[PDB]
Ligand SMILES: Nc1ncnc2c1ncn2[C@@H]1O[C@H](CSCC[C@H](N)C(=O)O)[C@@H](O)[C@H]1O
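Below sits a lone chain in structure tokens, taken as the form deposited without this ligand.
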């Protein structure tokens, strides 16, 4: 079809294994939504790719060879992604995890999650969306035993896709504890599976006997995890009224008494001021602003750290999390340092995407989750 000659920079990245086609490296592109063949300036074949706008990307490399995107091509892709996850589908301690993660599984633009007996497809660009029938057909052959499927449009945003319908809300298990989720209500599902290992640490006792403040709680999944790990008390703060019922659902599923678990609906900065006013301090403060115009991580994260430190107990901990794909680990660390000023602190750990949210090893920028555990 269209033979796209690429620049020197675009070339080295392609040869290095970078699948994402950055807008910055394809400045004057007049093409879109179609399969193309990439060539160097020396007229050498670099691979098969598809174009479609996706945030800062203009497309994805499909393969370094000449191939066509038919149903068989996707069957092969899903067979490989499935084989790498045998241990997940095996263990019943976690029944919700990611089955396919864009370039981490060699096909950017598509993610697929499993939530118990149902699956959730997510389309990140119009191109994959237009060819989704073959993609789904291929998936159903490789994973024939799911009861039903739903889809999210990430570019109506949610819809039932195939098979049986799922209860509007149901429970899944993660790290052996229950969480309430929903598959056909907006873009989100009630939980962010990529933070599973952070919740595991909390359930394990990282906050045992400690008081916890969870900012931008969403559905308070971190709070329930901490509660199951023996936290003395937890306060979950979210700007959305919806957070109440959705948070209660997790606590109820785990039969937890909530005498020492508070759910607050308030702007996070307004809560910082309220806390200062009422002398409220916490041993552990979790900060995880939505990456969904929502809070600017790249610019204002230092404010969350600064104000959080003002209400943090002596020898306390801060768990600074972000799913901002546009921020590097170093850029994030710089925002945290900015908030700390000259107050002494130690970085205890950095956790990023878990194995199911497969990352392209040749492209570390795909590892969007960054969680820093810091002691003061």
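Residue numbers count along the first chain shown, from 1.
The modelled chain breaks after residue 292 and resumes at residue 293, leaving 4 to 9 residues of the deposited sequence without coordinates. In terms of unmodelled positions of the deposited sequence, the stretch from residue 155 to residue 156 in this entry skips 4 to 9 residues. For the pair 259 to 267 and 222 to 230, the mean Cα B-factor is higher in 259 to 267. Taking the mean C-alpha B-factor of each stretch as recorded, 23 to 31 and 334 to 342 are not equal, and the higher mean is that of 23 to 31.
The entry assigns its greatest Cα B factor, within the set 311, 51, 46, 320, to 46. Comparing the C-alpha B-factors of 276, 90, 250, 98 in the entry, the top value falls on 90. Residue 365: CA B factor in the highest third of modelled residues in this chain (values from the PDB entry). The entry lists a Cα temperature factor for residue 272 that places it in the lowest third of the chain's modelled residues. Per-chain ranking of the deposited C-alpha B factor places residue 140 in the middle third. When all modelled residues of the chain are sorted by CA temperature factor, residue 216 is found within the lowest third. In this PDB entry, the Cα temperature factor of residue 353 sits in the bottom third of its chain's modelled residues, the lowest group.
Note that the form deposited with this ligand bound isn't included here; everything after this is about it.
Residue contact with this ligand in the deposited complex: residue 101 places no heavy atom within 4.5 Å of it. Put simply, residue 124 is far from this ligand in the deposited complex: not one heavy atom of it is within 4.5 Å. Put simply, residue 105 is far from this ligand in the deposited complex: not one heavy atom of it is within 4.5 Å. Put simply, residue 288 is close to this ligand in the deposited complex: some heavy atom of it is within 4.5 Å.
This chain is displayed without this ligand, yet in the deposited complex the stretch 235 to 243 from 235 to 243, 160 to 168, 144 to 152, 177 to 185 comes within 4.5 Å of it by heavy atoms. Heavy atoms of no residue among 49, 73 and 78 are located within 4.5 Å of this ligand in the deposited complex. The partner is absent here, but in the deposited complex a heavy atom of 268, alone among 268, 198, 284, 138, sits within 4.5 Å of this ligand. Checked against this ligand in the deposited complex, the candidates 97, 272, 251, 192 yield a single residue with a heavy atom inside 4.5 Å, and that residue is 192. Counting a residue when any of its non-hydrogen atoms is within 4.5 Å of this ligand in the deposited complex, the hits in 195 to 220 run 195, 216, 217, 218.
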